[PDB]
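Chemist: no sequence for this one, just the structure:
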């Protein structure tokens, strides 16, 4: 049955004004929450993946996204909430 | 075996009901089609590198793919074409009988392996591997009379609301689109790019990193933390879905907060992906949807279902949008098959009528009326055994075999009637005696006809399938006919036949016997007369035109317009418009509609070509010979010679869209030393000049390519680019995006993925001087015009480069002069090609390849067939000399067909050959029966070789005349046919009638002579 | 990955499903796409159909839809293979 | 489990199920192999 | 299940026709495989 | 096909022993094979 979903929308103009590019914000969010697959490594002679992801307690609440900062062009740390907004929408988790 | 059934009739009835039920079941599970698969399987790789010339796509796409097309099984050859429009078409032709799916999957696998070597633009466009098959089941055009929607809107609507549902129709193997769906064209303005200090590369980069889709993640995603209670996926970026939404794309902010958007330096709209081809329908804008039938499916059905679906869609259309059918072949095949069925029914009825005329006993005439249809039904079952279909060829083969069906029934029933009328026996005893008299004769006839017809099914090449259809549909008919002569007829003659004009027939028969006796008195003259007949037959056979199949007025034809080199899309118009005006003003009563397509052509795809699919009215509205397609194309091409700008020719579609013009060859020069393209053109010109010196044998020897055309070459000074600080990649990207376009990325319009194209506005990329309006930004924010670091000139280059088997090639077409066989012209062509400059080879492709590979296997097949026929005849009789009396009747049946073909002006095509074989078989059957009766009278009664022969011919005269009158009258409508589909049936009927007249008027005076002269010779 | 069921249904399912039209001996066809981004377009054929020929038919018909699919699935790769619908056996492994 | 359920709650439900099977039906069943996170009605954290 | 339910009566009809035709062919009569076609309901009501 | 009645053998290493331990085991097995000439002959590796 239909499940509530979390929607995060980014202001492109605000992000570019603050010095953070979309190509950085997207991958930062993906690595922090989705979990990014970087490359492979060798474990006991077998090729296995390498995954980067945030620790458990930092990606569990809608307001847990605040402590994630993006490095700006100059070098300052822009908070993610400075250019983003959140909503609680709906959506079918499985369409047949 | 028939004696087993005379006293056991219920078993015969049961095993006939089995045959009838099998045939009825098969009729519904037999596919239906105008034609079977004739051409060998072919797979056509197609690629598109936008904005390139022939040389670029050949060097970067065609050669790379060709070098990786090794390891594919059963590959006859391949040929590739590279057009100046950026298209590459590589056709690989495989062996006949090769599995099409396996060949396609192997080709696509090799292509997938070779894909990483292709340019990025080709990979983005995609390379499509697809099987080539019959042209089109039906072309479903969509037009808008109101004019509110342009062609792009109609094409987008067709791609959205029609292709999805039409593809779901049963029997529709694939669908094609005659246009390009929507795709957002950002029209770069060089003046604003120079003003706002921008470059096309900046626009491309902004659009790329302003519309992409990014993976985001989840809330509370695994691994979860203890106490988590919610889990919702998060969404970050979505593709733009509106014109003004692309308009607000931020390109730059300058320094004073300029905030320049995309719409400031470009116009964003929805247009077509490709503007090369524009299609119209009687002038107003239109689109289309090419439809192809599935591998196994009905043709009458699966085409009416499409019409029903279009009718269902009709209410849910925008105002002014309607559906037209500029091209359809379902009515033609339906009419042809209906005519064939009508011919079969008429044949049955006339057999009934003539058999009542000769045998006044009404109850005797129902015996074939029951027996003849059953065999027909059985034939269908045999087709269901071999996986064939209801083709035109199969139905015409059945039409030819009906003559053997009817006479096989008539001979046995007449023998039964003649036995009980002469000996006064009861029906059972009379039937037993008659079946004893012709017990082995029927089996011998079946074996002889099988030996005649089976080898014709073993011809190789494209023409092999055409002969195979007739061979199967005739051999199966004969095998079932012999069974129904030995099974149902005896039982019916026993249980459905009562015990116990004529005067003139009796007088003629008595006069005929006296004539035969007088001829047998002096047999010397009638042998030299036979030799004269044979010589005349050979003379007529050697001097006769040859053809593949009779071209038929299918209700449509084509008009081709070829503007000279350098013509534009608007120059093809107002010439392609004049053709439409002429067809809809000077031929209103004959032409219903015209479907003009611009920039498609047949030799190339440039803007200087076009074709119109002229669809005539129904045959009921086209009376006379002047309203037929042949009589209209000549008038059109005569009236189109007044045009002194283009070269417009009107012609008719071939009987088979794959291969035609059997008299013509497909010669092809190959460059096997890396000489180049100029030297290959010189060699081709030399060969053409040399062949123009032999007009007696080679006619219309022309190339199949496009001559070199001027092109605008821009050479960039690398030293100047380095000094001025402009990178070569930046210059190349700017030039390609401005003058050729650049497929950037995708977006979502209304729930469908469309492309986003970036290209300059039309007015800024027309003349060479417009290059001066384009500036490239250097490293230090400095704009340099193209006039500073580059120069330009005009040079000749090829617009369409073709390769054969991975080597540069030039295709040369031609035909043999009248009276000269094609194989006699191929030898001259390959003799001329042997005096070319070194390094230039040659090879035959297409139909010429089949003719060269097959060789002269027809005489060998005929020889083995004759040997088997002689062996079967020497088995049926006992003496080795008796079979000659039968094998010397072939010229008697061939001479009449040759006379008919010469008088009617027909051609030695497939239908004529099969009809000749049918007449040969029936005449051989009559000779077999006469000589069997004569031999039986000589053996069982000890007569003196004269009274025996006279009695045999006297008792055989009536069945021969009955069957001749039944079969000549059954093909008279075919000969006098002048309606729809009346070129194939006329061709297959005239020869049969001409052969059958002289295979019975004079053969009855020759078979006794042959038997007598052979008997008193050994 | 990343897209919800609604997004992936129109960009993948609605692009592949309609292409599977002219395939011999096909009874039915059912697809499902969930929020994880994965889709599964099964194709149940008529009984007695040769399985490995239907597989290559489906493969060569699918390859006509790869250009229309978004680039992100291309690096993931579409896997077409003959599939059952129930586990033959389950082999559990424990640590005593 | 209903919409928006985590692994902990479905694990509790599966524990109840396997306890019922291994206690109430101890005479008949001998092994219960619970699989949290996997199901035939799709894949998610609210199945098993 | 729906397909089998739909195709069962045609199977019964074709089996009856085949048996009737083979009996008529073997026993050389039409009345002989008509006194046999009437005992079929007796053997079918037993199964029912 | 056919190795003149000569077997070929594979010293597959399952438990991630590595390459050095695998070649040590191969050397030990080769020594053992050399210790039994009445049953085996020309027992040699196929690798560099």
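Modeler: Sure, I can see it. Numbers count the residues shown, from 1 in each chain, chains lettered A, B, ... in the order given.
Chemist: what's around residue A:24, how many residues?
Modeler: 16 (other Cβ atoms under 10 Å in any protein chain shown). Where C-beta positions appear, they are placed from N, C-alpha and C, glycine not excepted.
Chemist: which element is it on?
Modeler: For residue A:24, the enclosing helix or strand under DSSP states H and E is helix A:22-29.
Chemist: that helix: what's the following helix or strand?
Modeler: strand A:36-43.
Chemist: show me what that next one is packed against.
Modeler: For strand A:36-43, the packing partners by 3 or more Cβ pairs under 8 Å, 6 or more residues apart in numbering or on different chains; DSSP states H and E come out as strand A:46-52.
Chemist: listing partners with orientation, what would you give for the strand it packs on?
Modeler: strand A:36-43 (antiparallel) (DSSP bridges).
Chemist: what's near enough to touch the residue most central in space within chain A?
Modeler: Against the mean C-alpha coordinate of chain A, by Cα atoms, centre = their mean, the closest residue is residue A:29 at 1.4 Å. By Cβ atoms under 8 Å, 6 or more residues apart in numbering or on different chains, residue A:29 lies in contact with A:8, A:68, A:80, B:214, B:216, B:217, B:234, B:236.
Chemist: now with 6 Å, please.
Modeler: Counting by Cβ atoms under 6 Å, 6 or more residues apart in numbering or on different chains, residue A:29 touches residue B:216.
Chemist: before we move on, what about residue A:57?
Modeler: residue B:225.
Chemist: give me every residue in chain A lying close to chain B.
Modeler: With Cβ under 6 Å from any Cβ of the partner chain as the criterion, chain A comes near chain B at residues A:4-8, A:26, A:29-30, A:33-34, A:56-57, A:60.
Chemist: what do you get if the cut-off is 7 Å, keeping everything else the same?
Modeler: With the criterion set to Cβ under 7 Å from any Cβ of the partner chain, chain A comes near chain B through A:3-8, A:10, A:13, A:22-23, A:26, A:29-30, A:33-34, A:56-57, A:59-60, A:62.
Chemist: ok, residue A:1 - how many residues close by?
Modeler: Neighbours of residue A:1 under the rule other Cβ under 10 Å: 9.
Chemist: which one is it nearest to, not counting chain neighbours?
Modeler: Nearest residue to residue A:1, sequence neighbours excluded (Cβ to Cβ, 6 or more residues apart in numbering or on different chains): residue D:3, at 5.2 Å.
Chemist: phi, psi of the one you found?
Modeler: The phi and psi values for residue D:3, taken as degrees, to the nearest 10, are phi -60, psi 140.
Chemist: in chain A, what residue comes closest to chain E?
Modeler: Residue of chain A nearest chain E, by Cβ to the nearest Cβ: residue A:96 (20.5 Å).
Chemist: pretty sure that residue contacts residue C:32?
Modeler: Yes. Assessed by Cβ atoms under 7 Å, residue A:96 is found in contact with residue C:32 at 4.7 Å.
Chemist: quick one, what contacts residue A:90?
Modeler: A:2, A:4, A:5 (Cβ atoms under 7 Å, 6 or more residues apart in numbering or on different chains).
Chemist: now, of these, which are buried?
Modeler: residue A:5 (16 or more other Cβ atoms under 10 Å in any protein chain shown).
Chemist: from the contacts of residue A:90, pick the one nearest chain F.
Modeler: Among the contacts of residue A:90, and counting by Cβ to the nearest Cβ, the member closest to chain F is residue A:5, at 43.5 Å.
Chemist: quick revisit: what is the neighbour count of the residue of chain A closest to chain E?
Modeler: 12.
Chemist: give me the neighbour count for residue A:38.
Modeler: 10.
Chemist: hang on, it packs against residue A:50?
Modeler: Yes. Between residue A:38 and residue A:50 there is a contact at 4.9 Å, judged by Cβ under 7 Å.
Chemist: in chain A, which residue sits nearest chain F?
Modeler: Nearest to chain F, among the residues of chain A, is residue A:44, at 3.9 Å (Cβ to the nearest Cβ).
Chemist: what are the buried residues along stretch A:49-56?
Modeler: Buried residues in stretch A:49-56, counting neighbours by 16+ other Cβ under 10 Å, are found at A:53, A:54.
Chemist: oh, I was asking about stretch A:2-16
Modeler: A:3, A:5, A:6, A:7, A:8, A:10, A:12, A:15.
Chemist: residues contacting that stretch, please?
Modeler: A:22, A:25, A:62, A:83-93, B:219, B:232-236, B:250, C:4, D:3-4.
Chemist: how about a cut-off of 8 Å?
Modeler: A:21-22, A:25, A:29, A:62, A:65, A:82-93, B:210, B:216, B:219, B:230-237, B:250, C:4, C:35, D:3-4.
Chemist: how about stretch A:66-74?
Modeler: By Cβ under 8 Å, 6+ apart, stretch A:66-74 touches A:18-21, A:24-25, A:28-29, A:32, A:54, A:58, A:77-81.
Chemist: weed out the non-buried ones from those.
Modeler: So, by 16+ other Cβ under 10 Å, the buried ones in those are A:18, A:20, A:24, A:25, A:28, A:29, A:32, A:54, A:78, A:80.
Chemist: which among those gets closest to chain B?
Modeler: Using Cβ to the nearest Cβ, the buried ones among the contacts of stretch A:66-74 come closest to chain B at residue A:29, 5.9 Å.
Chemist: contacts only, for residue A:93.
Modeler: Residues near residue A:93 by Cβ under 8 Å, 6+ apart: A:2, A:3, C:5, C:34, C:35, D:3, D:42, D:44.
Chemist: same question, residue A:95
Modeler: C:5, C:6, C:9, C:13, C:32, C:33, C:34.
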